[PDB]
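Have a look at the structure below before the remarks.
Methodologically, a virtual Cβ is constructed for each residue, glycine included, from the backbone with ideal geometry; neighbour enumeration extends over all protein chains shown. All of the numbers you see were taken from the coordinates with simple rules; none came from a lab.
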Amino acid sequence: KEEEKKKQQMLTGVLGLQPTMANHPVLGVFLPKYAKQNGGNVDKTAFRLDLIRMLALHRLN
Amino acid sequence: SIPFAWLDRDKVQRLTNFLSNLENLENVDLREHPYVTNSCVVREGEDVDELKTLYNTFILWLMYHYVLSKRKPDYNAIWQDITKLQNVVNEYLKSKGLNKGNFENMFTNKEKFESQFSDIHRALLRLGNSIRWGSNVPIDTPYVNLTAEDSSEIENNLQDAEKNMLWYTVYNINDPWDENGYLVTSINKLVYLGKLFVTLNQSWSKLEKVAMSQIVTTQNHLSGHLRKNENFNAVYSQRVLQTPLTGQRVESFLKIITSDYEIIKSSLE
Amino acid sequence: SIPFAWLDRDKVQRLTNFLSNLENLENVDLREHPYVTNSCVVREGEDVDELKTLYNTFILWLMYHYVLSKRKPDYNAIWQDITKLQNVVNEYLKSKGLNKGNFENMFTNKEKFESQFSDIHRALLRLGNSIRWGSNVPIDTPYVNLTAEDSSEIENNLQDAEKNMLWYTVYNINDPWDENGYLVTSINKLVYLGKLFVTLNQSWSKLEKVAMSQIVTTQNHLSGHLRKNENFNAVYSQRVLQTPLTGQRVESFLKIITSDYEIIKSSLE
Amino acid sequence: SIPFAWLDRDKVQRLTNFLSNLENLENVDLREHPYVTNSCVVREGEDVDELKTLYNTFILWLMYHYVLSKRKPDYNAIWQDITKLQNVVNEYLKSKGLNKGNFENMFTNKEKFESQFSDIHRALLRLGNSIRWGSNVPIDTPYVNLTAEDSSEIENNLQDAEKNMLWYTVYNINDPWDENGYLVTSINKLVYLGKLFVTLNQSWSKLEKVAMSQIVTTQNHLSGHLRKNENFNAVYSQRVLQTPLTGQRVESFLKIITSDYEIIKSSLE
Amino acid sequence: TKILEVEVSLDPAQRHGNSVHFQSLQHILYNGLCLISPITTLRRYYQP
């Protein structure tokens, strides 16, 4: 149950994304990997840019 | 760790023991040991081999090139003795006496330069002078040195090194009983060490080139089989396993493919 | 053979398995496994704890010091490679070419006798030389020899050796591609092996000092608790378990207390 | 547990007894025993045999090659005595009796020249005749140790070695009849040991080439028969049994074919 | 964008005459870009 709170805390830390965007596939797959990090001193901005470039990779029509 | 695939714990332990005792066993070649590949093949037939064995042999060749790159010994230690012998003996004899082979000393200065293949070419021509000093009125003799059983044991040691570059043993040909002169025994040392050095580097570059070619080939076949799907997990697996691989890249790529094994176990159907 | 029949045979098997696989499990320290000390605890509550826990932990720390002095590996095998690298590579570095560090070779030998703070000073004075050779102009940077990925791995290996000095692994620093030379890799080998050697020796002295401090503390508490009774069994247990101990008398004392285990377990009130 | 396709326990006992007493029975060759080949057949007639005797012989030739390869005796212990004769007798005899040191014995230089040994032996027979009677012309005897009945026994021994190169004997020298003791009896031992050595090596390579040729032939026929079925475990058996083999792949492939005989017994129709 | 210094010495044929310890210093603008005209909208994010 603690892992879900970590996922949600990281979701609000990334952007304050709404759960509606949490249900998105790019989020649904990467939130678990962002869980096994950000407990370190790494950054908050790095996760925003990572989500940017991954969401971009996802949408190549 | 030790991610491999949907393989049995028995097969994972087999591959563990093999990639641990790679430096222990002889004739280190994945073609020469096909039991690794049929330990790599996946349970329940080709309906799940047709993608998973491509992925799994890809993981085998990646970690095989990884353990080669991590467990190569440093052959410059034997080239250092090559430089000491070739410097001290050859140039200084032909300068101190018999001042006609200075063209061949320019050749052995270019042999001191790292052009080993062309350098060990005409080791016959720089052996003929050792033949002239070991036996009077110079003839042509066999290329390996004067003692017969030592001559055979040199070739046995060279075949041992060619089979297993990772574990090599010098021969240390020197003897206190010296019918053969000191300087020509140093020439015998130089010939044996030069052959050993060039043989180890040839066989190392051979297996390294083979492993990298197999990695590129399994990438091409595996991307061709992953091509058809357009789900996000499948195209992310395409973009991960499509990334270019050089030998300096392969170790970081193994770390990457562990952190992406966390997904691409589930990304594969 | 193996005292404390009066404990649970499950807990005796726990202590047997701990002392059998002490060299195999990580973080070799009795402090780091409090469930060993909490499995040491004596039945029928604090009234029987107040006497028998001191004797029980006393024999625990005696057996711990015993299995340490029995299972200590040899460190002269890695100091052999340190002496080999320091002799060969440094002498061929300086006497063979561009001899400037005569005083520094004086230093390396005079410090190789028995000094460790000076080994840290040598680590400084050889990182300077490695930065000279790897990129060919002198400049200073701290603590980094080369290769950031292996630099991250070497800290893991040193933590592993510091936690488990009984079971240690040599890393084999060297690189198959030749982005920095043989001599730079030899300096990398020597720095890593020197840090490894001083790590093993200082962690060993730390564990031995901790073990002797625990044994002396348990002697004082156990004699102060057995001081009360004036029975002959009690005063004989005092005159047996009152004798001082060294690091080389603990084996004879364990043999003596094993031989007279019956009279002291009768002497326990 | 030496896995066999579809056999009676009598036939399993026959094949296991053959592979156990391969070194014990004479005429060690698989084509020389038809009753082994007749015991390799499967029950229920030709409809079963046309699919399964190919796989049964493909088991038996692989297992024969493996036990033959494993039970290879050391052929260097006899060449050690060959060099003990060749170095110590003939060179010192020529240096004493002023035969100007003919290098024809040293034309071998190693135990690789199984050519020109007959010319070496003819030179040895001329030397043996000239040592025994000082002024001989070449004469037409096969052994110049002046021997007839032990020459017949030597021919018998060479036939026994041809039949069983796995288990061999060295005969003798005898001296009721004394002519030259250290000299011409060493010439006898050198000629007999040379013929024995080349006989063992040529018959060994003969059996190894025959065994591997039959294994590749059974690969071709068995894969041609099993090419038709497109089922899952059927083409899994195709991808297992299609793999090419050499003299050192065969051990690991035997482990493969055990672990896949777990499935391919059922996979066969 | 990073500044990078380059400490490099000469070719050896100019290294010879007491230029053995010389150290040509080269600044190279890693991951930056040339600029030609006064940037107005992105003054906050672009440093000359």
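With a cut-off of 12 Å between beta carbons, the residues surrounding C:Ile120 carry a summed charge of +1, where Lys and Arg count +1 and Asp and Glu -1. For region D:67-216, pairs of C-alpha atoms spaced more than 20 angstrom apart make up 52 percent of the total.
Just want the answer: with Cβ charges of +1 for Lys and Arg and -1 for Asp and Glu, which residue in C:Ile154, C:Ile264, C:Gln202 is farthest toward the dipole's positive end in region C:141-269? My answer, from the dipole projection, is C:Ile264. Here the translational diffusion coefficient of region B:57-125 follows from Stokes-Einstein with Rh set to the Kirkwood radius across Cα pairs; for 10 °C and 1.306 mPa s it amounts to 109 µm²/s. Every Cα-Cα pair of region D:126-176 was included, and the share exceeding 17 Å stands at 49 percent.
Neighbouring Cβ atoms from other chains, within 10 Å of the Cβ of residues in B:32-45, number 5 on average.
Set the Förster radius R0 to 22 Å, insert the Cβ-Cβ distance between A:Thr12 and B:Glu262 as r into 1/(1 + (r/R0)^6), and round the FRET efficiency to 0.05.
E between A:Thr12 and B:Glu262, to the nearest 0.05, is 0.40.
Obtain the radius of gyration and the Kirkwood radius of chain C from its C-alpha atoms and give Rg over Rh. Could you put the intermediate results ahead of the total?
On the way: Rg = 25.3 Å, Rh = 22.1 Å.
Ratio of gyration radius to Kirkwood radius: 1.14.
Along its first, second and third principal axes, ordered by size, region B:207-246 spans 37, 16, 9 Å in Cα coordinates.
Neighbours of C:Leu7, meaning other residues whose beta-carbon lies under 11 angstrom from its beta-carbon, give a summed charge of +3 when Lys and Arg score +1 and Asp and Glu score -1. In region C:131-237, Cα pairs under 8 Å separated by at least six residues give a relative contact order of 23 percent. Over region B:221-264, all Cα pairs binned in 5 Å intervals from 0 give whole-percent P(r) values of 5, 22, 28, 24, 15, 4, 1, listed from short to long.
Sorted by mean Cβ packing within 10 Å, highest first, what order do the peptides E:29-38, D:27-36 take? Before the final figure, lay out the partial values.
Numbers: E:29-38: 7.7, D:27-36: 13.7.
Top to bottom by mean Cβ count within 10 Å: D:27-36, E:29-38.
Per-residue shielding of B:65-77, expressed as the average number of other chain Cβ atoms within 10 Å of the residue Cβ, stands at 4.
Structural size metrics of region B:171-269, computed from C-alpha coordinates, are Rg and Dmax of 24.5, 78 Å.
Taking the Cα centre of chain C as origin and assigning +1 to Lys and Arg Cβ atoms and -1 to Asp and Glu Cβ atoms, the resulting dipole is close to 900 debye.
Measuring r between the beta carbons of D:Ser130 and D:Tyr182 and using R0 = 22 Å, the FRET efficiency lands at 0.85. When C:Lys110 is represented by a point 7 angstrom out along its Cα-to-C-beta vector, the spacings to that point in the other copies are 4.9, 5.3 nm, nearest first. Report P(r) for chain A: all Cα-Cα distances, bin width 10 Å, range 0 to the bin holding the largest distance, values in whole percent. Histogram of Cα-Cα distances, whole percents per bin: 22, 59, 18, 2. The GluC sites (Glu not before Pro) of region C:88-192 that DSSP puts in a loop, and whose beta carbon has at most 12 other beta carbons within 10 Å, are C:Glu114, C:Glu179.
Label-point distances for D:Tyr171 to the equivalent site in the other copies, using a point 7 angstrom along Cα→C-beta, read 3.6, 6.7 nm when ranked shortest first. With the simple spin-label model, which puts each label point 7 Å out from Cα in the Cβ direction, the B:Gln202 to D:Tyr171 separation comes to 4.4 nm.
For chain E, trypsin sites (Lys or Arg not before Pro) are listed when DSSP marks them as loop and at most 14 other Cβ atoms sit within 10 Å of their Cβ; the list is E:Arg43, E:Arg44. Per-residue ellipticity at 222 nm from helix content only, as computed over the protein assembly as shown with -39500 (n - 2.57) for each DSSP H run of at least four residues, stands at -19500 deg cm²/dmol.
The magnitude of the dipole of region D:122-161, with charges of +1 and -1 set on the Cβ of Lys/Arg and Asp/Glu and taken from the Cα centre, is near 400 debye.
Taking amide H as placed 1.01 Å from N in the peptide plane, the amide H of E:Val8 sits under 5 Å from that of E:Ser24, E:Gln26, each at least 5 places away or on another chain.
Working from Cα pairs under 8 Å separated by at least six residues, relative contact order for chain E is 42 percent.
Computed from point charges on the beta carbon alone (+1 for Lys and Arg, -1 for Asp and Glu), the dipole magnitude for the protein assembly as shown about its Cα centre is near 3000 Debye.
By definition, a body whose alpha carbon gyration tensor gives a ≥ b ≥ c is prolate when a/c is 1.5 or more and a/b is larger than b/c, and chain E fits this prolate description.
Each peptide in A:32-41, D:200-209 gets a packing score, the mean of other Cβ atoms within 10 Å over its residues, and the list from highest to lowest is D:200-209, A:32-41.
Give me Rg/Rg_expected for region D:167-229, where Rg uses Cα atoms only and Rg_expected = 2.2 N^0.38 Å with N residues.
Ratio of Cα Rg to 2.2 N^0.38 Å: 2.13.
Counting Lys and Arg as +1 and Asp and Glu as -1, what is the net charge of the other residues whose Cβ lies under 12 Å from the Cβ of C:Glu153? That sum, taken over residues with Cβ under 12 Å, equals -3. Entry note, chain C: relative contact order of 24 percent, from Cα contacts under 8 Å with a spacing of 6+ residues.
Give me the percent of Cα-Cα pairs in region B:76-163 that sit more than 22 Å apart, rounded to a whole number. Value for region B:76-163 (Cα pairs over 22 Å): 35 percent. Taking each residue as 0.36 nm, the span from B:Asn229 to B:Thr246 lengthens on full extension beyond its C-alpha to C-alpha distance by 3.4 nm. Eigenvalues of the alpha-carbon gyration tensor of region B:1-136, scaled by 5 and square-rooted, set the equivalent ellipsoid semi-axes at 52, 14, 13 angstrom, largest first.
Between C:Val137 and C:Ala5, the FRET efficiency from the beta-carbon distance, with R0 = 51 Å, is close to 0.10.
Projecting the Cα atoms of C:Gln214, C:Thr169, C:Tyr182 onto the dipole axis of region C:164-239, where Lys and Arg carry +1 and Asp and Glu carry -1 at the beta carbon, places C:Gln214 farthest toward the positive end. Across peptide D:104-112, the mean count of Cβ atoms from other chains lying within 10 Å of each residue's own Cβ comes to 4. Restricting the chymotrypsin sites (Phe, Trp or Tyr not before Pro) of region B:61-123 to loop positions (DSSP other than H, G, I, E, B) with no more than 13 neighbouring Cβ atoms within 10 Å leaves B:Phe113. Given q = 0.04, 0.05, 0.07, 0.09 Å⁻¹, what are the Debye log10 I(q)/I(0) values for the protein assembly as shown, with equal point scatterers placed on the Cα positions and solvent ignored? Here log10 of I(q) over I(0) equals -0.33, -0.52, -0.99, -1.34. Here the Debye sum runs over all C-alpha atoms of region D:15-91 as equal scatterers in vacuum, and log10 of I(q)/I(0) at q = 0.15, 0.28 Å⁻¹ comes out as -0.65, -1.29. Label points for D:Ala148 are taken 7 Å from Cα along Cα→Cβ. From this copy to the others they lie 3.3, 9.2 nm apart, shortest first.
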